[PDB]
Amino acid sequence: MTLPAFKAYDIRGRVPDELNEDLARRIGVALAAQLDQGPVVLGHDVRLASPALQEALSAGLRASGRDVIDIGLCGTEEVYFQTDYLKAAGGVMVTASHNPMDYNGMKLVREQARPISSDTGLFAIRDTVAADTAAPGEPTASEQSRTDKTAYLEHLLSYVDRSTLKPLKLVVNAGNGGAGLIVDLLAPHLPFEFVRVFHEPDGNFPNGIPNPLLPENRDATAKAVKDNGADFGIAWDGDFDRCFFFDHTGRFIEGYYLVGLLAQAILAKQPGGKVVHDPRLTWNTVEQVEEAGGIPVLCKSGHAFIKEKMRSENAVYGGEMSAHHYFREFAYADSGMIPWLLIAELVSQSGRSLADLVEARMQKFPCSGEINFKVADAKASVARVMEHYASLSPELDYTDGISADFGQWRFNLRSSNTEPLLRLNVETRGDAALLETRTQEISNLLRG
């Protein structure tokens, strides 16, 4: 067999049987042979095993002659930013994002923070590690500590005109991950009042693993918004590359609608630019990008595909509905921080609440939310759906699973790249009844 921790886009496994310091050191050795020349940036999240796994990575890297830039406890986007900003050969973030307590993992990038994925070097690294029985060498290169966040913070602040910001009251919920540290470093340069929930970094996760999609964790942000009269709330996953928004009523806003909203925010600053979007939910983004004078670019979901397409298109912004937002000047990388700064600026400048910024769009293109299915036979289940709707001759697109456009409604149905599940998304042209009846009909077919 093969090491189960090596996934399509990152390394993730239970410590210590699927991921451990020995494996981490071997990954450092193998990564060194995969990169162009230059040093390697290393950062890590709040999980208890993360520092030890990083040190092991560092040892393997340095045994292979790679200088190491240790940026310390950070978010994933800081590994992306520093890798590009410092013109490093590559970078590794030790993190398990939102996964349970007994899990860890790694996100690996090369020059300009370009992703290393299963077909772009990650499985080559796996196979090297799998067969490596060599005695560990000793370090022949140095590790430097580089925790200065100044350039990163300045880059974040450059997306907004600070003189236009209003003293909004913002709930922030780091979920005991790492986001609160960046919020607190940004706070002296911003007029906002922060209502801090689950703010302190704690890899024991006393308040639950950092996953804002869990309704119990969602409700902590919503309650703090409602109880404090906040303008809106923001939650993050543990490594804060994903951000989740709550309007002033406590309502969680589906990530889909943030894509069109952030695209309009960006296009005000970069007129005529291209905007990359995923195929799961599309109609609202296409319309809002076009209305704002931008050009929408359909792309397969997954950060590797999104970033590749943004690069080839010189795209100014890209967004998925899975709460990842990507910015050209941010090394084409995703940030959980840039989005809420932009939304705070848009609320401040427009005098509109976040709720009203999205309300008409939610009414115009209502969506099911992403619904996941673990079925006995995904392929037969998808076939059963397609056969049922064949007589309506939908317009079919195979960018990412199957997208079917029926005119007044459409769906996307695809296998996940991170779990063994089918993911369904449905949307309609302003028709909530058609949305529910078609969603339920597809669900029944899938469960057949």
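Residue numbers run from 1 along the displayed sequence. Here, rigid core means the biggest group of C-alpha atoms that superpose within 1.5 Å across both forms.
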Top-deviation stretch by C-alpha RMS in 8 other deposited structures of this protein (rigid core reference), from 122 to 130, 370 to 378, is 370 to 378
Larger mean CA deviation from the shown form in 8 other deposited structures of this protein [core fit; 414 to 422 vs 57 to 65]: 414 to 422
Using the B-factors recorded in the PDB entry, average over the C-alpha atoms of 338 to 346 and of 306 to 314, then report which stretch comes out higher. 306 to 314
Per the PDB entry, mean CA B-factor is higher for 217 to 225 or 122 to 130, namely for 122 to 130
Report the option among 69, 56, 413, 386 whose CA atom has the maximum B-factor in the deposited record. 69
For the listed 143, 356, 320, 254, which has the peak Cα B-factor recorded in the PDB entry? 143
Residue 104 - which third its CA temperature factor falls in, relative to the rest of the chain: highest
Ranked by Cα temperature factor within the chain, is residue 15 in the lowest third, the middle third or the highest third? highest
Among the chain's modelled residues, which third holds the C-alpha B-factor of residue 235? lowest
Using the temperature factors of the C-alpha atoms in this entry, rank residue 151 within its chain: lowest, middle or highest third. highest
Which third of the chain does residue 38 land in by C-alpha B-factor: lowest, middle or highest? highest
